[PDB]
Amino acid sequence: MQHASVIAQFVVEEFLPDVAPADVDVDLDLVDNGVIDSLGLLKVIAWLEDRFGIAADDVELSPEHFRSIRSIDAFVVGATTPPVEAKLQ
Ligand SMILES: *[PH](O)(O)OCC(C)(C)[C@H](O)C(=O)NCCC(=O)NCCSC(=O)c1cccnc1
């Protein structure tokens, strides 16, 4: 989307950064990577407030949000909206 490539690249960088994140089928449900739901979610929540200065907003949890990468892209777009770039080079 406007910056969905950064989300996949940013999220994947924590797990497999030595591999091109754009070379990963972003059409795969990241549920398998649910690992970020807890370990990464805590690091991302604290990091998000550390860099962007946004409240963790962990009052409500939505496990269904990790069902697909696109679902997460909408959450970031609604909260923040970075520059728009072409996902495919
Ligand atoms: P664990 O066993 O993974 O804990 C499971 C649950 C589902 C409770 C998980 O910890 C949780 O709280 N997830 C709820 C949904 C959630 O908070 N997901 C965050 C969306 S990503 C968003 O916060 C964000 C931050 C930084 C960059 N992009 C998006």
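Criteria and thresholds
Residues numbered from 1 in each chain as written, not as in the entry; some residues may be left out. Heavy atoms only, no water. Axes fitted to C-alpha atoms, helices over the stretch in contact; angles between N-to-C directions. Helix = DSSP H or I, 4+ residues; strand = E, 2+ residues; numbered from the N terminus. Parallel < 35°, antiparallel > 145°, perpendicular 65-115°, else oblique. Left-handed = near helix turned anticlockwise from the far one by under 90°. Contact = heavy atoms within 4.5 Å. Nonpolar A, V, L, I, M, F, W, Y, C, P; charged D, E, K, R; others polar. Buried < 20%, exposed > 50% of the residue type's maximum accessible area, 1.4 Å probe, protein only. UniProt positions renumbered as here; feature names shortened; annotations may be inferred. Core = buried A, V, L, I, M, F, W, Y, C linked by side-chain atoms within 4.5 Å. Salt bridge = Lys/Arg side-chain N within 4 Å of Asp/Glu carboxyl O.

Per the PDB entry, the protein chain goes by the name Peptidyl carrier protein and belongs to Micromonospora sp. TP-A0468. According to its PDB record, this entry is titled "Solution Structure of KstB-PCP loaded with nicotinic acid in kosinostatin biosynthesis".

Points about the packing of helix α1 (residues 4-15) against helix α2 (residues 35-51)
Orientation of α1 relative to α2, taken along the N-to-C sense of each, is 115 degrees, at an axis distance of 12 Å. It follows from the interaxial angle that α1 and α2 lie roughly perpendicular. Considering how the two elements wind past one another, α1 and α2 form a crossing that is right-handed. From α1, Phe10, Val11, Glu14 and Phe15 reach across to α2, where they touch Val35, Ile36, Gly40, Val44 and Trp47. Looking at side-chain class alone, the contact of α1 with α2 contains seven nonpolar, one polar and one charged residues.

Re unusual backbone geometry
Located in the positive-phi region is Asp57, a residue other than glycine, with phi close to 55 degrees. Along the chain, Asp57 turns up in the loop between α2 and α3 (69-79). Judged by relative accessible area, which is 53%, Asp57 ranks as exposed.

What to know about the UniProt feature "domain: Carrier" (unreviewed entry) in the protein chain
On the UniProt side, "domain: Carrier" (unreviewed entry) is annotated at positions that read residues 2-80 here. In residues 2-80, the share of helix is 51% and the share of strand is 0%. The end C-alpha atoms are 10 Å apart.

Looking at the nonpolar core
In this structure, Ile7, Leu30, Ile36, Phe66, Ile69 and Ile72 together form the largest nonpolar core, which totals six residues. With sequence-adjacent residues up to four places away left out, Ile72 is seen in contact with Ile7, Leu30, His65 and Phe66.

Some remarks on the pattern of salt bridges
If charged atoms from side chains of opposite charge come close, those side chains can pair. This structure, assessed with the given rule, holds one salt bridge. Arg67 is the partner of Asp29 in a salt bridge, and the nearest nitrogen-oxygen pair spans 3.9 Å. In this pair, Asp29 sits in the loop between α1 and α2 while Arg67 sits in the loop between α2 and α3, placing the two residues 38 residues apart along the sequence.

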